[PDB]
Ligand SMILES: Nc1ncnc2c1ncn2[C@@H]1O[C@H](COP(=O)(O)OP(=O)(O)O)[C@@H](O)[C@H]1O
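Have a look below at one chain only, the form deposited without the ligand, in C-alpha coordinates format.
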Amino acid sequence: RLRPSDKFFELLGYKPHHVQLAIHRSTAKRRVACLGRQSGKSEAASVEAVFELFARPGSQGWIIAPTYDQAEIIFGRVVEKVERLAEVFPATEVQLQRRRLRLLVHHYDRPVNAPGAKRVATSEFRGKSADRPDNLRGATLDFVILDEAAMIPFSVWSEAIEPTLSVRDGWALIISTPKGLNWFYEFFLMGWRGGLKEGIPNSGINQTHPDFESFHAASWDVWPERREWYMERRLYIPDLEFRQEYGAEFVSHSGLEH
(Lines give C-alpha, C1' and ligand atoms only; values in the text may rest on other atoms or scores of the structure.)
Protein backbone atom coordinates (compact mmCIF):
# COMPACT_ATOMS: atom_id res chain seq x y z
CA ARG A 1 0.00 0.00 0.00
CA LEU A 2 1.34 3.41 -1.05
CA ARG A 3 1.60 6.10 1.66
CA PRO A 4 2.51 9.80 1.51
CA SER A 5 6.12 10.81 1.95
CA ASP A 6 7.84 13.55 3.87
CA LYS A 7 8.42 15.28 0.52
CA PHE A 8 4.71 15.21 -0.34
CA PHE A 9 3.97 16.87 3.02
CA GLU A 10 6.63 19.51 2.37
CA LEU A 11 5.23 20.31 -1.10
CA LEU A 12 1.85 20.99 0.47
CA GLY A 13 3.32 23.10 3.30
CA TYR A 14 1.81 20.56 5.70
CA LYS A 15 3.36 19.77 9.07
CA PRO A 16 1.26 17.00 10.59
CA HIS A 17 0.79 16.57 14.33
CA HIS A 18 1.63 13.28 15.94
CA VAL A 19 -1.90 11.93 15.59
CA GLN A 20 -2.14 13.06 11.95
CA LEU A 21 1.19 11.43 11.15
CA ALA A 22 -0.11 8.18 12.71
CA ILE A 23 -3.16 8.27 10.47
CA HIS A 24 -1.02 8.90 7.35
CA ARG A 25 1.44 6.08 8.17
CA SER A 26 -1.34 3.53 8.74
CA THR A 27 -1.95 1.08 5.91
CA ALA A 28 -5.22 -0.17 7.42
CA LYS A 29 -8.08 -0.30 4.92
CA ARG A 30 -10.42 0.92 7.65
CA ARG A 31 -9.06 3.86 9.61
CA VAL A 32 -11.29 5.29 12.32
CA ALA A 33 -10.29 8.61 13.90
CA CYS A 34 -12.18 9.99 16.90
CA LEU A 35 -10.55 13.35 17.48
CA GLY A 36 -11.71 16.54 19.10
CA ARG A 37 -12.24 19.89 17.38
CA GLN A 38 -8.97 21.36 15.98
CA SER A 39 -7.19 18.00 16.19
CA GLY A 40 -6.61 18.05 12.41
CA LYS A 41 -9.36 15.72 11.07
CA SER A 42 -10.40 17.72 8.02
CA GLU A 43 -6.86 18.72 7.03
CA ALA A 44 -5.54 15.17 7.32
CA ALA A 45 -8.50 13.84 5.32
CA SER A 46 -7.92 16.42 2.58
CA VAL A 47 -4.20 15.50 2.41
CA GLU A 48 -5.16 11.82 2.00
CA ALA A 49 -7.44 12.69 -0.94
CA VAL A 50 -4.77 14.86 -2.60
CA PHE A 51 -2.27 12.03 -2.16
CA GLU A 52 -4.49 9.61 -4.09
CA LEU A 53 -5.23 12.06 -6.90
CA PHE A 54 -1.58 12.74 -7.62
CA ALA A 55 0.31 9.63 -6.52
CA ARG A 56 -2.10 7.13 -8.05
CA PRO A 57 -3.21 8.29 -11.50
CA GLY A 58 -6.81 7.38 -12.18
CA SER A 59 -7.71 6.97 -8.49
CA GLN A 60 -11.37 7.79 -7.73
CA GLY A 61 -12.88 8.67 -4.39
CA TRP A 62 -15.59 10.44 -2.47
CA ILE A 63 -15.88 12.52 0.63
CA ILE A 64 -19.30 11.86 2.18
CA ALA A 65 -20.73 14.03 4.96
CA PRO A 66 -24.22 14.32 6.58
CA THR A 67 -25.03 17.28 4.31
CA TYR A 68 -23.63 18.81 1.12
CA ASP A 69 -22.76 22.00 3.00
CA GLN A 70 -20.61 19.94 5.31
CA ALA A 71 -19.03 17.95 2.42
CA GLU A 72 -17.86 21.25 0.87
CA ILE A 73 -15.43 21.86 3.72
CA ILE A 74 -13.09 18.95 2.92
CA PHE A 75 -13.96 19.11 -0.78
CA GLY A 76 -12.85 22.75 -0.83
CA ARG A 77 -9.62 22.07 1.05
CA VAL A 78 -8.82 19.31 -1.46
CA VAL A 79 -9.36 21.72 -4.39
CA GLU A 80 -7.03 24.29 -2.81
CA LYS A 81 -4.27 21.76 -2.16
CA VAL A 82 -4.69 20.21 -5.62
CA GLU A 83 -4.25 23.65 -7.13
CA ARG A 84 -1.11 24.03 -5.05
CA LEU A 85 0.43 20.65 -5.87
CA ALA A 86 -0.35 20.92 -9.60
CA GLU A 87 2.18 23.79 -9.77
CA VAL A 88 5.09 21.37 -9.48
CA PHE A 89 3.59 18.59 -11.60
CA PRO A 90 3.69 19.82 -15.25
CA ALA A 91 2.14 16.59 -16.55
CA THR A 92 -1.09 17.18 -14.62
CA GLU A 93 -4.15 19.28 -15.39
CA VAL A 94 -6.80 20.29 -12.86
CA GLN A 95 -10.44 20.50 -13.90
CA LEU A 96 -13.07 21.59 -11.35
CA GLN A 97 -16.82 21.29 -11.87
CA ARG A 98 -17.87 23.33 -8.90
CA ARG A 99 -21.64 22.96 -8.85
CA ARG A 100 -21.34 19.17 -9.16
CA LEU A 101 -18.63 19.05 -6.48
CA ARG A 102 -16.47 17.13 -8.96
CA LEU A 103 -12.72 17.54 -9.20
CA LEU A 104 -10.59 15.92 -11.91
CA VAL A 105 -6.85 15.64 -12.14
CA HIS A 106 -5.79 14.59 -15.67
CA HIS A 107 -2.45 12.85 -15.89
CA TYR A 108 -0.44 13.07 -19.12
CA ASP A 109 2.51 11.05 -20.43
CA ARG A 110 4.64 14.22 -20.57
CA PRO A 111 4.32 17.89 -19.55
CA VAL A 112 0.86 18.97 -20.72
CA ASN A 113 2.44 21.83 -22.63
CA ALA A 114 4.80 19.63 -24.60
CA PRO A 115 3.97 18.66 -28.19
CA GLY A 116 2.14 15.32 -28.53
CA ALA A 117 1.02 15.21 -24.88
CA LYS A 118 -1.39 12.31 -24.31
CA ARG A 119 -3.70 11.74 -21.35
CA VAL A 120 -2.95 8.44 -19.55
CA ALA A 121 -5.40 8.59 -16.67
CA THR A 122 -7.86 10.87 -14.90
CA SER A 123 -8.14 10.86 -11.10
CA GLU A 124 -11.47 11.95 -9.62
CA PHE A 125 -12.82 13.27 -6.32
CA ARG A 126 -16.41 14.08 -5.45
CA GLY A 127 -18.26 15.52 -2.51
CA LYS A 128 -21.40 13.58 -1.54
CA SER A 129 -24.13 13.83 1.03
CA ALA A 130 -25.64 11.10 3.17
CA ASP A 131 -28.98 12.99 3.11
CA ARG A 132 -29.05 12.77 -0.69
CA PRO A 133 -28.52 9.01 -0.99
CA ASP A 134 -30.03 9.10 -4.48
CA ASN A 135 -26.71 10.55 -5.66
CA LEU A 136 -24.86 7.55 -4.22
CA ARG A 137 -25.33 5.45 -7.39
CA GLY A 138 -23.27 2.34 -8.12
CA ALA A 139 -19.70 3.66 -8.20
CA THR A 140 -16.32 1.93 -8.25
CA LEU A 141 -13.84 3.70 -5.96
CA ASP A 142 -10.30 3.57 -4.59
CA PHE A 143 -11.11 5.48 -1.42
CA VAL A 144 -13.84 7.11 0.64
CA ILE A 145 -13.71 9.67 3.42
CA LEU A 146 -16.68 9.82 5.82
CA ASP A 147 -16.74 13.19 7.54
CA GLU A 148 -18.76 13.59 10.76
CA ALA A 149 -19.27 9.84 10.45
CA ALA A 150 -21.00 9.48 13.81
CA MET A 151 -23.88 11.50 12.26
CA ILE A 152 -24.08 9.33 9.14
CA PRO A 153 -26.60 6.45 9.37
CA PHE A 154 -24.93 3.05 9.45
CA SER A 155 -27.06 1.79 6.55
CA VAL A 156 -25.63 4.49 4.30
CA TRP A 157 -22.16 3.16 5.01
CA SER A 158 -23.01 -0.56 4.71
CA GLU A 159 -25.22 -0.35 1.59
CA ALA A 160 -24.28 2.72 -0.40
CA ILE A 161 -20.66 3.40 0.44
CA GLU A 162 -18.73 0.30 1.48
CA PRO A 163 -19.62 -1.76 -1.64
CA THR A 164 -18.00 0.87 -3.89
CA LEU A 165 -14.66 -0.32 -2.49
CA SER A 166 -14.80 -4.06 -3.35
CA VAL A 167 -13.43 -4.20 -6.88
CA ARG A 168 -10.28 -2.14 -6.12
CA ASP A 169 -9.98 -3.25 -2.48
CA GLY A 170 -10.19 0.42 -1.56
CA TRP A 171 -9.78 2.13 1.79
CA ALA A 172 -12.03 4.19 4.02
CA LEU A 173 -11.11 6.92 6.46
CA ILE A 174 -13.92 7.33 8.94
CA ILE A 175 -13.53 10.50 11.02
CA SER A 176 -15.75 12.21 13.53
CA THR A 177 -16.34 13.64 16.92
CA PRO A 178 -18.28 10.91 18.75
CA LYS A 179 -22.05 10.79 19.17
CA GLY A 180 -22.50 8.14 21.83
CA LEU A 181 -22.24 4.40 21.60
CA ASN A 182 -23.41 4.00 18.00
CA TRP A 183 -21.88 2.30 14.94
CA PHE A 184 -18.96 4.75 14.83
CA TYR A 185 -18.05 3.69 18.34
CA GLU A 186 -18.27 -0.02 17.49
CA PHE A 187 -16.13 0.55 14.38
CA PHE A 188 -13.69 2.51 16.50
CA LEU A 189 -13.30 -0.38 18.97
CA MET A 190 -12.54 -2.78 16.10
CA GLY A 191 -9.33 -0.84 15.43
CA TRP A 192 -8.45 0.25 18.97
CA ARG A 193 -5.20 -1.31 20.20
CA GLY A 194 -4.21 1.35 22.70
CA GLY A 195 -5.56 -0.48 25.75
CA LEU A 196 -7.72 0.82 28.59
CA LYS A 197 -8.21 4.58 28.20
CA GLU A 198 -10.39 7.18 29.89
CA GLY A 199 -13.14 8.26 27.54
CA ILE A 200 -13.38 4.89 25.76
CA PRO A 201 -15.74 2.45 27.49
CA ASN A 202 -14.60 -1.19 27.25
CA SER A 203 -11.23 -0.20 25.80
CA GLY A 204 -9.56 -2.85 27.96
CA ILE A 205 -11.65 -5.73 26.59
CA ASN A 206 -12.54 -4.88 22.98
CA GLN A 207 -12.16 -7.33 20.05
CA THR A 208 -10.05 -5.96 17.21
CA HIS A 209 -10.05 -6.79 13.49
CA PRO A 210 -6.88 -6.84 11.35
CA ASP A 211 -8.06 -4.40 8.64
CA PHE A 212 -8.96 -1.77 11.25
CA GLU A 213 -6.83 0.84 12.97
CA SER A 214 -8.18 3.52 15.33
CA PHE A 215 -6.86 6.88 16.51
CA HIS A 216 -8.02 9.00 19.44
CA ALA A 217 -7.26 12.46 20.80
CA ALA A 218 -8.93 15.19 22.81
CA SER A 219 -8.50 18.77 21.53
CA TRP A 220 -6.13 19.47 24.45
CA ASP A 221 -4.09 16.34 23.65
CA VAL A 222 -3.20 17.93 20.34
CA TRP A 223 -2.97 21.52 21.67
CA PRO A 224 -1.91 21.31 25.32
CA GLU A 225 -1.17 25.06 25.18
CA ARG A 226 -4.87 25.72 24.51
CA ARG A 227 -6.21 23.53 27.33
CA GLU A 228 -7.65 26.39 29.46
CA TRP A 229 -9.07 28.14 26.39
CA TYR A 230 -11.03 24.96 25.61
CA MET A 231 -12.06 24.49 29.22
CA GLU A 232 -13.82 27.89 29.17
CA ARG A 233 -16.27 26.44 26.63
CA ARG A 234 -17.48 24.01 29.29
CA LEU A 235 -19.39 26.97 30.71
CA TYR A 236 -21.73 27.52 27.78
CA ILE A 237 -21.83 24.22 25.95
CA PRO A 238 -23.78 21.28 27.42
CA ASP A 239 -21.68 18.76 29.30
CA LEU A 240 -22.35 16.00 26.75
CA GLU A 241 -21.53 18.22 23.75
CA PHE A 242 -18.31 19.45 25.36
CA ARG A 243 -17.10 15.97 26.25
CA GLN A 244 -17.78 14.78 22.67
CA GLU A 245 -16.59 17.77 20.65
CA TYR A 246 -13.51 18.58 22.73
CA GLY A 247 -13.00 15.55 24.92
CA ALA A 248 -13.59 13.16 22.02
CA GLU A 249 -15.27 11.06 24.70
CA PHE A 250 -17.43 8.04 23.95
CA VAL A 251 -20.28 8.17 26.48
CA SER A 252 -23.69 6.43 26.61
CA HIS A 253 -26.28 9.14 26.03
CA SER A 254 -28.94 7.53 28.26
CA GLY A 255 -26.26 6.35 30.72
CA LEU A 256 -25.05 9.95 31.17
CA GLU A 257 -28.57 11.38 31.46
CA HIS A 258 -28.91 9.17 34.57
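A residue's number is simply how far along the shown sequence it sits, counting from 1. Whichever C-alpha set is largest while still superposing within 1.5 Å between the two forms counts as the rigid core.
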{"query": "Residue range whose averaged C-alpha B-factor is higher in the record, 249-257 or 1-9", "finding": "249-257"}
{"query": "Which of 132-140 and 147-155 has higher mean CA B factor, as the PDB entry lists it", "finding": "132-140"}
{"query": "Candidate residues 78, 161, 71, 96, the one whose C-alpha B factor the record puts highest", "finding": "161"}
{"query": "Selection from 126, 106, 118, 168 [criterion: highest C-alpha temperature factor in the record]", "finding": "118"}
{"query": "Residue 39 - which third its CA temperature factor falls in, relative to the rest of the chain", "finding": "middle"}
{"query": "Chain thirds of CA B-factor: placement of residue 181", "finding": "middle"}
{"query": "Chain-wide C-alpha B factor ranking for residue 210, given as lowest, middle or highest third", "finding": "highest"}
{"query": "Record-listed C-alpha B factor of residue 52: chain third", "finding": "lowest"}
{"query": "Cα B factor band for residue 18 (lowest, middle or highest third within the chain)", "finding": "highest"}
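Keep in mind that the form deposited with the ligand bound is not shown, yet the notes after this line are about it.
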property	result
Answer range among 189-197, 31-39, 53-61, 206-214 for contact with the ligand, defined in the entry with it bound as heavy atoms within 4.5 Å	31-39
Residue 14, heavy atom within 4.5 angstroms of the ligand in the entry with it bound	yes
Contact test in the entry with it bound: residue 244 vs the ligand, heavy atoms, 4.5 Å	no
Heavy atom of residue 220 within 4.5 Å of the ligand in the entry with it bound	no
Heavy atom of residue 77 within 4.5 Å of the ligand in the entry with it bound	yes
Large Cα move at residue 234 between this form and the one not shown, threshold 2 Å, rigid core	yes
